[PDB]
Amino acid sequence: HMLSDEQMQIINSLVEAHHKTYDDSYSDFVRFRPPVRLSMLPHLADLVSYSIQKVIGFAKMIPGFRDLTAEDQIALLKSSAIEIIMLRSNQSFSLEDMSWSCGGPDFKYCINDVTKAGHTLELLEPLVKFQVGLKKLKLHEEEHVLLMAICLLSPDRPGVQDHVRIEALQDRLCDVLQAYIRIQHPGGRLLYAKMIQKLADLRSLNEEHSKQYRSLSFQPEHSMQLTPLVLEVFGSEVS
């Protein structure tokens, strides 16, 4: 079998969107509040707030996402941003260091902090396990990008209204991912199944982080270290 032009054009714009919204130089991290080793929360909040802007930039370039109602776009971003951040962070996760390494040695986040960022190992332990399993999948650049787009266009998220239209977009992306692996990935006989199981892991990681984020935002001494965008996206306000 063979991929079509519509499916390869979806891949092209999707890979392009990721290259615009992900900076492998990590040079913008010097503009965040520095990390201190909840001393890591100021740097961690700036890091997440920055990444949320990338996810919004990546989302706006996914085919069909821009044509959804603004309410659907907000509901999708509010519930999937945390998962897409976890998904994209795999690009900096190192199996050798068991940590996220972003350019310099001051932007290397590795476990022991964890308690200095305001989170507990009930989120870190499953997340690191998630990150190493995703890293072992050796995803192609095309596959990593499709998984982020499939994750964002999930209709089963609280808030979405036009469920049918969003589902049709997601299935088109899933057929592309299935057709890409069969035709372009050698040994990808069961990769599509393992990739979809990662989405199920994300919902569990989403739930755990949201539980722990509630404890932060309920203490004003900690939530004042967050950014307005983080408070808007990870908030509970409803459109």
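The first residue of the shown sequence is 1; numbering continues from there. We call the rigid core whatever largest set of C-alpha positions still superposes within 1.5 Å between the two forms.
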item: Positional deviation of Cα atoms in 9 other deposited structures of this protein after core superposition, greater for 109-117 or 74-82; value: 109-117
item: Positional deviation of Cα atoms in 9 other deposited structures of this protein after core superposition, greater for 27-35 or 178-186; value: 178-186
item: Where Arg37 meets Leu38 in the shown sequence, the number of deposited residues left unmodelled; value: 10 or more
item: Which of 160-168 and 81-89 has higher mean CA B factor, as the PDB entry lists it; value: 160-168
item: Stretch exceeding the other in mean C-alpha B-factor - 206-214, 45-53; value: 206-214
item: Candidate residues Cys110, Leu139, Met148, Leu76, the one whose C-alpha B factor the record puts highest; value: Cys110
item: Assigned third (lowest, middle, highest) for the C-alpha B factor of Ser223; value: lowest
item: Within-chain third of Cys174 by Cα B-factor, per the entry; value: middle
item: Ranked against its chain, the third holding the CA B-factor of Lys116; value: highest
item: Relative C-alpha B-factor of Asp72, binned into the chain's lowest, middle or highest third; value: middle
item: CA B-factor placement of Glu122, once the chain's modelled residues are sorted into thirds; value: middle
